[PDB]
Amino acid sequence: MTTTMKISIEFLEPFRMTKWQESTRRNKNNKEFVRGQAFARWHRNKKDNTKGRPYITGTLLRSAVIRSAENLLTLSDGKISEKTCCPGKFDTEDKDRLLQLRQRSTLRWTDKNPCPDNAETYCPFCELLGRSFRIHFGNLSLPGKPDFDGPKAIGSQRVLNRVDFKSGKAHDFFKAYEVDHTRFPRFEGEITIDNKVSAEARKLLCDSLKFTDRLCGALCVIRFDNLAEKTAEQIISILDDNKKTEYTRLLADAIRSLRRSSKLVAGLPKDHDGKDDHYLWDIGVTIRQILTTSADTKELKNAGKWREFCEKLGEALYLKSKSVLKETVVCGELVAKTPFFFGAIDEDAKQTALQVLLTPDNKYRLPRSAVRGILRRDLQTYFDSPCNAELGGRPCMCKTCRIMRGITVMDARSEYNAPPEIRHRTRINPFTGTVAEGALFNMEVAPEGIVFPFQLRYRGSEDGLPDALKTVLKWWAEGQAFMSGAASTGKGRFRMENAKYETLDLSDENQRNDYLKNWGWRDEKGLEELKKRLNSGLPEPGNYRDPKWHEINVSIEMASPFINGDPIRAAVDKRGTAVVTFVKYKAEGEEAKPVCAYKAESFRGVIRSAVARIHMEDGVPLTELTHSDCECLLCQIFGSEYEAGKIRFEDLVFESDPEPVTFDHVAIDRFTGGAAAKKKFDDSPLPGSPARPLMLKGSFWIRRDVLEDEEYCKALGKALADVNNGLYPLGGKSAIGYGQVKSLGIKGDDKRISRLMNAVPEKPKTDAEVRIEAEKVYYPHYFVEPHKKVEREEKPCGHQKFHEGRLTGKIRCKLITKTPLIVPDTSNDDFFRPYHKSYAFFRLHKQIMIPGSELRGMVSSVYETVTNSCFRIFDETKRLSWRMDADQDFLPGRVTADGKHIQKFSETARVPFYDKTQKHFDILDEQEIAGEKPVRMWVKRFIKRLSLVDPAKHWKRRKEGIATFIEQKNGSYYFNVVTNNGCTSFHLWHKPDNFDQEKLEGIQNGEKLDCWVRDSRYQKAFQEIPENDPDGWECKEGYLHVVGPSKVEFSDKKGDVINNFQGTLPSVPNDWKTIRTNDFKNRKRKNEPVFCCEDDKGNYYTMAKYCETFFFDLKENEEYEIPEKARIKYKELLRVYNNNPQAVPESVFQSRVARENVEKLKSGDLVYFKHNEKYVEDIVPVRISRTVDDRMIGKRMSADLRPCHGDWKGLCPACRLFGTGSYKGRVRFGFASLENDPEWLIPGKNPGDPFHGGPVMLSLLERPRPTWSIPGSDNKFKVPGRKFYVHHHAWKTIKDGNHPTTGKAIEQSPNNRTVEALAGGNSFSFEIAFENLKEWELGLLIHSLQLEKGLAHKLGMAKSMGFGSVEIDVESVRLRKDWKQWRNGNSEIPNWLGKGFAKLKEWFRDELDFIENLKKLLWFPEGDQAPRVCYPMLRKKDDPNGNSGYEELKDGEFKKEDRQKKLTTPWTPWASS
RNA sequence: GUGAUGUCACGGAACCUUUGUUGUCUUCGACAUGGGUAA
RNA sequence: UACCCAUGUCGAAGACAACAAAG
Ligand SMILES: [Zn+2]
Ligand SMILES: [Zn+2]
Ligand SMILES: [Zn+2]
Ligand SMILES: [Zn+2]
């Protein structure tokens, strides 16, 4: 006789579920199992499989109901209905049977004895306990009994740590499964109640069910009545096929960044010319096309679906890369004033190192655990007493724990669901100034401005909230709620807003019953009614305590460009650039606004370095200290791995919205003087200049106790003063003038910290002498042959501190132009044009200036020559090659079926193919033409010519014989000649012998006559014996070498041979096998057959080759193997053939190697080869072809002169001063600013604006040719030296349209430049910042700058044609004696120069000849002295002046034997004239 | 799928430390092609 | 198997090297 009451539990928060465990561990000795006794449980349908279902025990529900009953009986003085309850019986004989025992105190409401063990009737409380089944609680299950694969199908495990209060660092953690109430809100069950129980027991059960507010860690209401995989495979296959796997990770991070929107697919960058040949997105179908067809797929039209697709694809690519009781309700919103980071790692998401916590539907989550932890920390801070409570046991009774036992906080989420942003973070090596090994990672960051609903309920005996809670909530109201991790980088600062508080008296019977009836107004509907009763504001704490953190505002003025780089954003950005500045997102509504900001991590690192460089502990600078378990200044101010820091830097944002500009850079090879291979690049920094300085303003929070301390204030003041003196540039690429701090100023410190922030020798006369003759013509560039000794002895000083005896400061110099100067703005190529590229001068904010990178390059090139050093930029991997001449050792051969052997054909013959004397093309198969199948062709090696008259009147070896005349036709005689006493009889046709045929004109058929026969070399083969000469043909089997009609001459202007062509010029045929000879270059003798044609693309073609080859007499016994060196040389030859700008525009006239893009040597190939012993030296595909050098170009140079590899071989003085990849340089080159209004070379069109200038056209600036200075493969030829262009006044001649060498004209072209030049007399002032420079280093830098009276520099564009001669005068030197004191060093300059020259004497005692050579290359022409300098022309027939061209110079003056000495002796003429 | 006269698990901040940075003159002249002739 | 040269056009580089998380 029982009745069933059905119950339902609805969860308002994600609830906690336990990990499944077998019955062997379900005991009292397992910590993990007993920890989850208050959580939901997971069942197994079978023990082996994880397929199961979540359930809630009836025991947990019963315990919660009993606790609520205790509370209700306490609030009603033990009275339920008209009966009084007993104090309750909680006393068990067998303590062991109880899995757990109560460790909280039991509420007490009466002094009576508990009910008797055996009694006729029991109080309602005892009936509810179960002493009077009577009331049985059944397990609650999901409705419908659904099955799930496993716990991870319904929930995700999360880590919850425990943080020490004093240190701020965690020391332990535990995990639990969180199941979202959105997916699984309701659990249903039943309670079986016996009919004999009293009505008061049922009333108490109902009241306790309605009073139970939490269960399984969540607030609850109890009521009783393929494509991504395929895309990844395709992308990986495309990368594998094209050998572009090194771009995989960059493609994994970029594609992942596409998860924000599919619109980014159309916004992907293109090539530099606007075409779809981007080096990343057009690798292939292409990757861009794959992403395009994935974007508009019907499946991925939803934003969430596209985000999931992008995340899965990025992950796949990354893996490929490897009594009195009151309740106060406070409702408001927590708003993020900074980015925040609640850490939670997904094990299946390995692409991001640091991740934020999200809901299953990708909403940002403000967890309840973090809010409780922050509340406890803030209360402990308020009380100034840490809670020394250990886990487990009876509850702690401190002031904090008492407050926390009445506190309930709702877990919160946000409507905003955009994916988090990814930030790059690194750690710098203090000694090298570069990044440390392995210190590169990325962090997920949630945007600022996200709003979370916030509800806090406090249940306690006080009238309202305690004073501690009031003060903590007022701290949070002032925006000092630091909730999340990564606080030192200014993350996780919230402000509580729209706060309302209301107290409900649960002691009142009416209020208690109202609370019970409405379930405490904790559900979504109940909160709506409750919030109407809430009153705005917060209680004012009587004993209010000030917040522990104080805000200090920083304002930085930088008169220079700035960049905080982000390469992935650039890889995705619409405008193709190598790197772009960092941009963050802030949340507005459901949208994200991107803004440019200086990362808080970078500013924190710079400030920390500034503090550490000037301070040292116990004789050791703070940087060198291990910073483990120490009390040093750096750990006190900034924290360490042991404890949290007392300072927190926020992101500094730039005022206004400065849009970034694009600066191009190219590395200049020190040998060739031109662009180094692959070293062309872009940068997109924020533009800054003295005209419009960047203003970077932000805040950082410092703890009050530090701001009170005098020593910390003094340390921060000295560091910020050194930053204020420009000692610490912000951002990257400061070596080229970026991010120079003009001024720093802090506010809000009450002046505690800011109180600390507050004749040059004449150029020496030169000794250099250069004699110039007006007749002589000199070369544009010469080479300084360097001294063999490059000093690697010194070790580079670290950037960790300033050193005694070393000089730090700034050099202000005046750079003067002595000739026109050209520095182009290459972002736009149409400044002087309405194609022919035309560049404006370099201007920043419409101010003419020289970027620091060009000045740095020029000064570094001079410095590498003053002190002998390595060639810092040099393409060592280049392989030189030359063309053969018509002058033997190459022999025919066929590559065997193995592929590692080539046999040797004994003989070759010329088989006419493209003339009208045979039908070989018709009577040969494709396989025979290709050389696959052997063919039988008659060959003749000697033809016979005869004279009727005995040799006279003009052979040297003739055999006389009897000619029997057969016939005469076509004007040519025909007779069978029998000679060698009848041994050899052959039929031959004969041309009329001049002055001889007339004597014997009489034609007798069957005659006998006297003749003399000679043999001539006629090495030709035909498949069928020709009818004219059916004698002396030997049938031989061999292979046909057919490379096509390759020997061709293509001219824009009509050549002599094609001009005399009679008829109409035919079209170029598509099939190269149909090409037939149409004319003869020597028509008189019917030789040199030629095929002439004309086309629009290539103008006139003249193909003079009519014979293919026939390889016969193969030597199968003889073979030669192919070394890998020969194979790589042949591959280089093939790539040079295929990558040929000057190739003929018709592929029919190209060889089979070039017209069919032969990428490798394969089996069956017929080639020429030269060999040594049993291995092949060189292989060529045609008769006259390319010769490839065996060694790299860098081998032609001494190893001491090669670029330093770091990993410290050591460092040269110039590499030491300017830095390498592993060592940061100690010099920073700022932008030179033009002092006055510019005197220009050419005034522009409009006289209204005088600052702008007019166009001028340079001649063709062509690629430097290393093969000229290096005449060939001989080891005698070396790298002559470092190229330095001489000073000359060809700019005057080329100011008109006069070519430098010729002067005929300079017409526009699609391959030349137009520029505006700063005429001579322009004055710039610039500053070079240096740190830790020796005396001789400063002296030699000054010498490199000033040079001597009579010298100059060359800077900018078109140095060969007289442009860019500039001079530098050192104006002033400021030296950093101390952080507070600076003194001038103009009196110390002579000592600097003397010590530098003494160091030069030490290094090179009397071998300073290079200096003089450099000096002669730096010598500037005196008055009444104008040398003439120009490159030669191709040939003398192209030069009106009559000077010898390159073809006439390679033999003669600049012959291979003496070209190097001519080019290594400065100012050496190449034309006497 | 929990036992039952005793479960503070709202008893526990995934927390602390790290500079997207180092190096690079928007520069610049001789090369490309393969045969033809031996009346 | 031994000589002989003939033709006059043409852009190149477009990022590279390193770190890809540790304590
Ligand atoms: Zn009782
Ligand atoms: Zn406590
Ligand atoms: Zn320390
Ligand atoms: Zn070096």
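So that the names make sense, note that chain A is the first sequence line, chain B the second, and so on, each numbered from 1. All values below were derived from every heavy atom in this structure, side-chain atoms included, with hydrogens, water molecules and symmetry-related copies excluded.
Counting only Watson-Crick and G-U wobble pairs whose two distances sit under 3.5 Å, RNA chain B takes part in these stems of three or more pairs: B:16-18 with C:21-23, B:20-24 with C:15-19, B:27-38 with C:1-12.
Taking the six-membered ring for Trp, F842(A) and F663(A) have ring centres closer than 6.0 Å. Side-chain rings of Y279(A) and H272(A) stay apart, their centers remaining 6.0 Å or farther from each other.
When rounded to the nearest whole Å, the span between CZ of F341(A) and P of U17(B) equals 13 Å. The CZ atom of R910(A) sits 9 Å away from the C1' atom of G35(B) (whole-angstrom rounding).
A donor atom on one side chain and an acceptor atom on the other are found under 3.5 Å apart for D253(A) and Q351(A). Between the side chains of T57(A) and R62(A), not a single donor N or O lies within less than 3.5 Å of an accepting N or O.
Contact annotation: the side chain of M410(A) never approaches that of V371(A) to less than 4.5 Å [non-hydrogen atoms, C-beta and beyond].
You'll find that the side chain of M858(A) is closest to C25(B), out of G23(B), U27(B), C25(B). In this structure, of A15(C), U33(B), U26(B), it is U26(B) that holds the atom nearest to the side chain of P824(A).
In the displayed structure, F173(A) atom CZ is contacted under 6.0 Å by at most 12 heavy atoms of other residues, nucleotides or ligands.
Remark on RNA chain B: of its neighbouring residues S1151(A) and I943(A), the 5'-side contact belongs to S1151(A), judged by nearest-heavy-atom nucleotide. When each of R368(A) and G343(A) is assigned the nucleotide of RNA chain B bearing its nearest heavy atom, the one mapping closer to the 5' terminus is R368(A).
At a cut-off of 3.5 angstrom, the base of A38(B) holds no donor-acceptor pair with the side chain of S1016(A). Side chain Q103(A) to base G11(B): a donor-acceptor pair is found below 3.5 Å. The base of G12(B) does not come close enough to the side chain of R377(A) for any donor and acceptor atom to sit less than 3.5 Å apart. A donor-acceptor contact under 3.5 Å is not formed by the side chain of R1017(A) with the base of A2(C).
For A14(B), classification of the furanose by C1'-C2'-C3'-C4' yields a south pucker, on the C2'-endo side.
In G11(B) the base sits syn relative to the sugar, since the glycosidic angle is no further than 90° from 0.
Ion pairing between a basic and an acidic side chain is recognised when a charged N comes within 4.0 Å of a carboxylate O; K680(A) and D682(A) show such pairing.
The aromatic ring of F681(A) is stacked on the base of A15(C), with the two ring centres less than 5.5 Å apart and the planes inclined by under 30°.
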